[PDB]
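Just so you know, these numbers use all the heavy atoms, side chains as well, and skip hydrogens, waters and symmetry mates. Labels below follow one simple rule: chain letters A, B, ... track the order of the sequence lines, proteins then strands, and each chain is numbered from 1.
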Amino acid sequence: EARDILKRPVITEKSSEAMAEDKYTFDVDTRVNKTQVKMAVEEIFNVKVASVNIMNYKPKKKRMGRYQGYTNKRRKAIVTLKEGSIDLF
Amino acid sequence: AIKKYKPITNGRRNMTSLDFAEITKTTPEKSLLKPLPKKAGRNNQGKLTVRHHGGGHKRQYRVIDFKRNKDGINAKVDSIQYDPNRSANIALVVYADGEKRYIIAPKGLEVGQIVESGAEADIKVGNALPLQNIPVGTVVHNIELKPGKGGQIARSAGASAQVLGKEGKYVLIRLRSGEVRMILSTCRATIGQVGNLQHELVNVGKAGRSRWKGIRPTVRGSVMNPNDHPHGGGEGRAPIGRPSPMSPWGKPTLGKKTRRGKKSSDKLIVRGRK
Amino acid sequence: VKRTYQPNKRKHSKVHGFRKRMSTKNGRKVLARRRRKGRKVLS
RNA sequence: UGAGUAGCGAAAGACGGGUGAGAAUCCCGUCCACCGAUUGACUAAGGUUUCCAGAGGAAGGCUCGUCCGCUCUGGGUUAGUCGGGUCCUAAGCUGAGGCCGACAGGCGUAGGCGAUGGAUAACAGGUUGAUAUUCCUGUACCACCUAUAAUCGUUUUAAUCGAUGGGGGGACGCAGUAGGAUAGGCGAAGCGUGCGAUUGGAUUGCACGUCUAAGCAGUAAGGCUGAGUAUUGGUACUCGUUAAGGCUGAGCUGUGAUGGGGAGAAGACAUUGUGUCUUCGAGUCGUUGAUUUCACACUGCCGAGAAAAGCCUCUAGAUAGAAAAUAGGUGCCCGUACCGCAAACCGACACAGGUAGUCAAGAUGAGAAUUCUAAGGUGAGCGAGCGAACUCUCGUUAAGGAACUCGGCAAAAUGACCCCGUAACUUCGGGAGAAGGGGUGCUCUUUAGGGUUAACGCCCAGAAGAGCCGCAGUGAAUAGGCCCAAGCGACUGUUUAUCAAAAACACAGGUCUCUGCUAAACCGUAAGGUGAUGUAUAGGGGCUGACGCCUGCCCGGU
RNA sequence: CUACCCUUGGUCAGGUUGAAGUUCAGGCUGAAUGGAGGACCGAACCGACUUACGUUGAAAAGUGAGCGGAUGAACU
């Protein structure tokens, strides 16, 4: 369930400047609440989580050659931690 | 009791109102009030079935007891009060055990006077007792038609009826309308006349005052179109143009009787209106 | 000049809209009629 | 085809520099102009990525385009306290059983759902290209859980808790008045700035003088004539009109929160080509006038002005044993970008239209009117010439002054403030701003009330004289033409969205008639409803239409 | 959209007039006080009377200048 709650990390410039602090950004399953996210991070990465914020993103319109559609909707979570650090690249 | 206004304005030129000198308290009793949302003459289908009922002032309902079934206990009168839902004033009484309720207020009622109901009560203004125990000739109000149901006759401001005679289990009585009728002798009634006798002398004065009371205007039938009303118009003004005036629904409306035949109360009506 | 059609999210979902159409027999007729035509949007 | 014709959708731009293949149209600078009870700043609906950065110039943009609300690529919305849900109910909608009905189905009881209302714990500063009461720093508050504990003592009782038990409360209209505070405005100015090159002055020009929730103290007035006893919300007694605060509530003020933050200032940068900031310094006064904010508090009136929960109390009754305090912990879901009186909403359009609420500076004034400005925003997505006829919008005009025309249609004229004067008629209120006259700037004396106030002084002068200037003194803008006599309708109101606003409709008043209550009347096949939680001083229908004086003859016909 | 209604909310710069009532004075009327009204004048706001313009419109009902109501049978 823990490997199914967290989907992948987000690597952008806003997320990197946040990682300058102790904040890490994830894309998570669109059905979970922030308590599940908090407990999943602690189990997978073996750290101590201080807080967690979440937000929802709508689907966007997009084209590929006269084919109008939508992207997937997504859920984003930002995890502040007290002790430890997550190794990424 | 009737105060006249000076003609400072054309609207207030002949207006009249009654001063509220009988009222002794201007705030109702919180425990006996209930909500009363308005219906503008519209039934459970949502359609308008009675004309000319509209949006007046907001009102609360005072719970009045027309039964008077607490017997053998005295009640002392506290105050006379205004009631928006009827033409008579009301009085708040307090029973010896501490209960309060409203009754319609009779003509010569005063604060502090004690009032009583039962079969052994005395013949004095305010008392309620069965018609069997009321001597002939008494003036009486708030009469029942089925024993224990509550008073239904003679409840307007200044209304009264008087007892005439006695049959086996019925009592003769003359109503304010002028008709004489038999009423079951097990039915209660209250002694006296209903107060606020000046109520019908008021001159309303302006169109807006009757709109404050929930009355919307009335359009005459002869200024409508033929598809709207039997008096639907011709060219210019026109006479009635028929053997008899009609209603908006095409039925004669001047002189024709509408009481239904074969009613059970036919045998109780001794003499009708004249 | 005020035009007809002043939009409103709640009014639209309550007058048209799936549950309202399903609450009567003649609304279920509409839904079946649009299914038979192959229409992409039902209410 | 009409034809290189009509149009290019309200308005002020000019020049220098830059970039580019290409510039009236893009970027930067200076000057000029327009709005400013708003073309400024917030919040809703509605829209749904239009938001930001880099790249682009085929189509869209009424011209151009290097630009863009357009195309490509990649990004952006963070909540225990903000608005909803895990709270409450209104209208209304649904409704287990139930009632009715060719079928389909209609109604309705308990109960549910349903805000536009009731309840409800967070503020100041910092920071990004794009979010912030959400992130960061500081300081708080509210629920819930477990430990550490004084008080806890049969669990009747006792502390405790306690009812689908009782009582209170929440809890309410409209108008007016006199106040208390505070916000904001204005003038001296306690410390900052700089001191002029066109004649002159320097006692002179310009400005700032801030700062939260929470916590502690006290407190301007407000309400209750208050405060005990015995008995069944009520009845008898004592101190009473004291209000002393006895009690209850109550705006606001002082401390600290904060030797902190920010700050008119640079005066400290090696630098962040010196910009920006490493860094180090600093002021928090007294006057005046004062709400449209903070009480339906108080007084008055008739048309007599929601509910339920949260909340406070007394209980039947129950149980070790529950109290505050300290220390730890825990705190979900949805929305959050951007436009938003509009180039993004409703109008087919980058459309002179329509779109709920909040904030509201200076001079002048009664004013949110008028003209010019502030804070802030904007220069309108075709231009350059020439100054033809004709059309539109605007100004002036000799002599005459309605001769025009269906008709003074349109225009002109009146207009603010102060003083004087005011008819017929009348329902005695009115008519009335009737008509008709006169005055107004600036300076100096004398007086001189409100006396601003300690006071002439603060300030309108409260007023009288004596002077000066012009064609003209409410020198601009804005601000009633009036009178006489007849129809019609008493009056305020209403009407043919989009050719008729009226003499038409309403109306207060009058009169006739039906209706004794499961009322008559009306909707419905019925059940069920309105009438009405009303009861002849009431309810339905017809005609007339304030008020005054009145309302004649005919009952053969229907 | 529009007509009527139901429940629950919101808005109306300023000036003017001076009803009941009350208090004194005179001898029933005079002065103070008071603050009524489908009252008056006039912005916001709501309307739509006259006129000019527009009529392959800026707009499939508008704009400019005057104009009616503006505490109420008000507007939203």
Side-chain angles (χ1 to χ4, degrees), chain A residues 12-14 17 21 23 33-35 53-58 60-61 76 78, chain B residues 3 5-15 17 20 26 28 30 35-45 47-51 53-61 76 82-87 94-100 145 152-159 175-177 179 181 196-197 199-201 203-213 217-223 231 240 243 245-249 253-259 265 269 273, chain C residues 1-9 25:
Chain A
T12 66
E13 33 192 26
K14 190 171 186 186
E17 69 190 6
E21 301 172 351
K23 295 181 185 295
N33 68 58
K34 61 172 67 175
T35 307
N53 301 254
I54 50 171
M55 56 183 109
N56 282 322
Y57 263 89
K58 286 173 189 179
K60 309 180 72 159
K61 297 216 310 165
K76 200 210 270 173
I78 301 172
Chain B
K3 68 195 296 311
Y5 293 117
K6 300 185 133 199
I8 61 159
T9 291
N10 267 1
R12 192 165 265 244
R13 196 164 268 277
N14 287 109
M15 189 188 289
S17 72
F20 304 91
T26 52
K30 188 177 157 156
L36 201 62
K38 292 183 176 296
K39 313 186 172 64
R42 278 140 167 108
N43 73 351
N44 62 346
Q45 301 168 335
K47 310 165 49 179
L48 180 148
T49 62
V50 181
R51 306 192 300 178
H53 287 237
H57 208 288
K58 186 172 187 181
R59 290 173 183 175
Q60 290 264 90
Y61 187 76
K76 187 180 171 299
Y82 179 89
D83 193 3
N85 309 111
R86 67 199 74 249
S87 65
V94 182
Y95 279 86
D97 48 4
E99 189 180 322
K100 316 179 177 196
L145 281 173
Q152 291 178 286
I153 320 290
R155 282 161 32 160
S156 290
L175 304 185
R176 184 87 162 76
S177 175
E179 88 157 4
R181 145 161 201 153
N196 212 17
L197 271 67
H199 168 264
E200 55 96 17
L201 292 182
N203 189 309
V204 175
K206 53 179 213 190
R209 199 174 176 194
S210 58
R211 303 285 318 256
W212 300 333
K213 302 193 285 180
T218 296
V219 188
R220 280 167 301 117
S222 44
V223 288
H231 297 346
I240 289 286
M246 324 282 301
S247 77
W249 302 274
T253 192
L254 206 72
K256 170 143 192 66
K257 295 198 183 318
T258 62
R259 176 184 170 91
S265 75
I269 312 293
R273 298 182 285 118
Chain C
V1 193
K2 193 183 185 178
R3 297 299 170 191
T4 77
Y5 194 51
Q6 315 289 147
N8 191 321
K9 288 178 182 75
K25 212 190 199 61

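With a cut-off of 3.5 Å on both pairing distances, the Watson-Crick or G-U wobble partner of D/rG305 is D/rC302. In this entry D/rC409 has no Watson-Crick or G-U wobble partner, no candidate having both defining distances under 3.5 Å. Figure legend. D/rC123 is base-paired to D/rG138; pairs are counted as Watson-Crick or G-U wobble with both atom distances under 3.5 Å. Both distances falling under 3.5 Å, in either a Watson-Crick or a G-U wobble arrangement, place D/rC93 opposite D/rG112. With a 3.5 Å ceiling on both atom-pair distances, the Watson-Crick or G-U wobble partner of D/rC32 is D/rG379. Across every strand in view, D/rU443 sits in a pair with D/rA466 that passes the Watson-Crick or G-U test at under 3.5 angstrom.
Remark: the B/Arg42 side chain and the D/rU530 base include no donor-acceptor N/O pair separated by less than 3.5 Å. One can find a donor-acceptor pair under 3.5 Å joining the base of D/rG75 and the side-chain atoms of A/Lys60. With hydrogens and angles ignored, no donor-acceptor pair under 3.5 angstrom links the side chain of A/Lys14 to the base of D/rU128. Residue-to-nucleotide contacts include a donor-acceptor pair under 3.5 Å from the side chain of A/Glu13 to the base of D/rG129. Residue-to-nucleotide contacts include a donor-acceptor pair under 3.5 Å from the side chain of B/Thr49 to the base of D/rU530.
The separation between B/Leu48 atom CG and D/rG529 atom P is 19 Å, rounded to whole Å. Distance CZ (B/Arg51) to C1' (E/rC4): 14 Å, rounded to an integer number of Å. Taking atom CG of B/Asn14 as the reference point, atom P of D/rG548 lies 7 Å away to the nearest angstrom.
When each of C/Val1 and B/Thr9 is assigned the nucleotide of RNA chain E bearing its nearest heavy atom, the one mapping closer to the 5' terminus is B/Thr9.
For D/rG57, the glycosidic angle deviates from 0 by 90° or less, giving a syn base. Glycosidic conformation at D/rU371 (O4'-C1'-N9-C4 for purines, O4'-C1'-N1-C2 for pyrimidines): anti, more than 90° from 0. In this structure D/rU533 sits in the anti conformation; its chi angle is more than 90° from 0.
If you take atom P in D/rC252 and the same atom in D/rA214, they sit 12 Å apart, rounded to whole Å. On the P atoms, D/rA342 is 9 Å away from D/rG353, given to the nearest whole Å.
Of all non-hydrogen atoms in B/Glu179 and B/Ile269, the two that sit nearest each other are OE1-CG2, 3.6 Å. When all heavy atoms of B/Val204 and B/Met15 are compared, the pair lying nearest together is O-CG, 3.6 Å.
Expressed to the nearest 0.5 Å, how far NZ of B/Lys38 lies from NE2 of B/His57 amounts to 9.5 Å.
Looking at heavy-atom distances under 4.0 Å, B/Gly11 makes contact with a base.
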